[PDB]
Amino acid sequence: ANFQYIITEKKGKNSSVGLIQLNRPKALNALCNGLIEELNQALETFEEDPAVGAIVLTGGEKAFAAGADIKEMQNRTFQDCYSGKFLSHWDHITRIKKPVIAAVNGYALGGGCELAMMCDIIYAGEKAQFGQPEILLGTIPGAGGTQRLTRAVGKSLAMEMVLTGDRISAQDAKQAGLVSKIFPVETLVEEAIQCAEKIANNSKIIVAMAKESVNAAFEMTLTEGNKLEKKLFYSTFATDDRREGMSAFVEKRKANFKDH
């Protein structure tokens, strides 16, 4: 449909990369309900697009996303939150099977940091900044900022960031494992598209299974994660792509995956 808050584009070789750009620079991409509703539509679209194997989520040079919309939350009451299931469409990105890479340029604060962390991989621009300034507004992170952050960065830094609201640089974020790669502000999105391309080249069904396996590292004990992983591993043998990728390795040729 026609978008008010975001710009979607199909990029990369064979237009296998679905680029989603948050376009609400006036509010530093603050995540209002309408922006979220469109972002989710775009995600579902790329998800249903057979040509797209990976999605790249980004904002502007100055801000990936400054957080949830404070103006929209200001008049909410506890009872509203509860009965109105406040923020329940926020984590839809986590239902997408295809990989999503966040190309974070500038500010990724509050709900913005959380949106980036909801993504599978995070690439950061040289000037990017991450933070959970919710405490400064008399609230706490509400979409995984006390969970995903802690799991990536450690208790000490997570506590420090969540309790003070202080920002960390692209560097601190990479050193801490919040993000895996840092690129120049200008080449960042291009670089993230390159990474999405490699992933898109691979089998879609296998990639989906791999992503589901990695995610499970945060939902079970190591014993059970390893067992689930083994079960998915066994499942790959039920696809043609596995046959194709293994035979191509043996046959020392290039594999022609067909996402089946």
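Quick note: we count residues from 1 along the sequence shown, nothing fancier.
When the other compared entries with both flanking residues are checked, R148 is modelled in all of them, not unmodelled in a third. Modelled in this chain, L87 is nonetheless absent from a third or more of the other compared entries whose models extend past it on both sides. The deposited model assigns a higher average Cα B-factor to 28 to 36 than to the other stretch when 28 to 36 and 201 to 209 are compared.
Taking only CA atoms, the mean B-factor in the PDB entry is higher for 171 to 179 than for the other of 113 to 121 and 171 to 179. The PDB entry gives the largest Cα B-factor of the residues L87, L136, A103, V100 to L87.
Comparing the C-alpha B-factors of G67, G53, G60, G225 in the entry, the top value falls on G60. When all modelled residues of the chain are sorted by CA temperature factor, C81 is found within the highest third. Compared with the other modelled residues of the chain, the Cα B-factor recorded for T146 ranks in the lowest third. Remark: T164 belongs to the lowest third of its chain, ranked by C-alpha B-factor as recorded.
Per-chain ranking of the deposited C-alpha B factor places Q41 in the highest third. In the PDB entry, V250 places in the highest third of its chain by CA B-factor.
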